[PDB]
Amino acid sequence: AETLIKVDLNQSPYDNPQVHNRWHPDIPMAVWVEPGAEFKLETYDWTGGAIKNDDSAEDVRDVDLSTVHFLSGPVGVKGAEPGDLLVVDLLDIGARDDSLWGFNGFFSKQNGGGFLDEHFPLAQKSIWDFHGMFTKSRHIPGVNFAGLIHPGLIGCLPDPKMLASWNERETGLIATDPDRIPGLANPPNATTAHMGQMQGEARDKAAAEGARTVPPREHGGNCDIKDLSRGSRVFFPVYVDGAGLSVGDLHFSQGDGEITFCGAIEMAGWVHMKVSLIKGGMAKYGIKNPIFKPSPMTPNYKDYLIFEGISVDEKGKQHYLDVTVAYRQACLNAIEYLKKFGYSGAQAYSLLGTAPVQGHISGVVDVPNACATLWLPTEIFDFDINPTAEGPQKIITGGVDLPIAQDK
């Protein structure tokens, strides 16, 4: 299939007019296609080159998070009207031949944070090499797995209404605690905005009101749903004429929650897709957020070891039906378990961000506690991590660990 958007990794994303990093109804289509068209799009990694394949974490700590995410699009679809559904088949996804590695990290609390930032406040990095379908890290010994390759971010352009709501409610929330490190949301920011085929005046009004791509919203966008993977079929709400489908933020793999924030195994690559329409889909099927069907080709792991958490935090304080706090406990429990086998806490945390662990909302009614589970697939280890009568052999030798960078 022909590649309709090409990416040169050594060219600055700002120099590519078919790339953009904010959501706005007025970004012009990077290309137009007919319904039924099938084609490939190439993509920068989300940072657009900021993070390197080496053994230092300073890049993770110093990255300018206002730049993310560099998306390829918007793709225009002829005849697409507001209120349609845009049916997207993800026919395949992969890494570029010249870039067979990816990265996971923990941001510093001072520059982004993450799910377990109170336990791992310093920036770190693991590097992942791709071996066909499989991946592994020089930083995490004894671990090998097939990737669940997915776009972290995909979705259609918002209408004027939608964008106004997003900015209002999100700036409103920053207003309630504007000095929290890390912040509660990210406001529009024109300084580092890439607005596609835009320069001058229209570029500068739109860049000042253009939404950050950081959070998932009603249209889809940055959902980081690992299961929205190569082979899947997704149904997107359409808000503007021609839809304006963009995609980026490709992951070779990811755990549920993407707890590390900085991936997932983040990568540059390509997406091969087919597009079509359901006329008036949104009203016909009562669509608000996207809906999709998962892939018939995914890694078949099923020998899970499953960890539990409840809505009582690390300090012993009682919350109310809080799935977020319950998941944190399940993740911490899994980390504690892994450490008994010789993994550092950073190796374990990176693992939960990268390997295809499951996070279930098992119970959300048994007041006051929600119950959340974290499913660790045991197939990914080249030794048996199941409990036995005699106790764990502390297998993991070496002195290998994830790079760590002191704060600035």
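From 1 onward, residues are counted along the sequence shown.
Between 293-301 and 158-166, it is 158-166 that carries the larger average Cα temperature factor according to the deposited entry. Judged by mean Cα B factor in the deposited record, 120-128 ranks above the other of 251-259 and 120-128. The top Cα temperature factor in the record, among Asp45, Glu42, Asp59, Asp366, falls on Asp59. The entry lists C-alpha B-factors for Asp204, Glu308, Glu218, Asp92, and the highest of these is at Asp204.
In this PDB entry, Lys226 carries a Cα temperature factor that places it within the lowest third of its chain's modelled residues. Residue-level temperature factors show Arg138 in the middle third of its chain, judged at the C-alpha atom. Annotation for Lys315: C-alpha temperature factor in the highest third relative to the rest of the modelled chain, per the entry. The PDB entry assigns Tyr327 a C-alpha temperature factor belonging to the lowest third of its chain's modelled residues. In this PDB entry, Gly353 carries a Cα temperature factor that places it within the lowest third of its chain's modelled residues.
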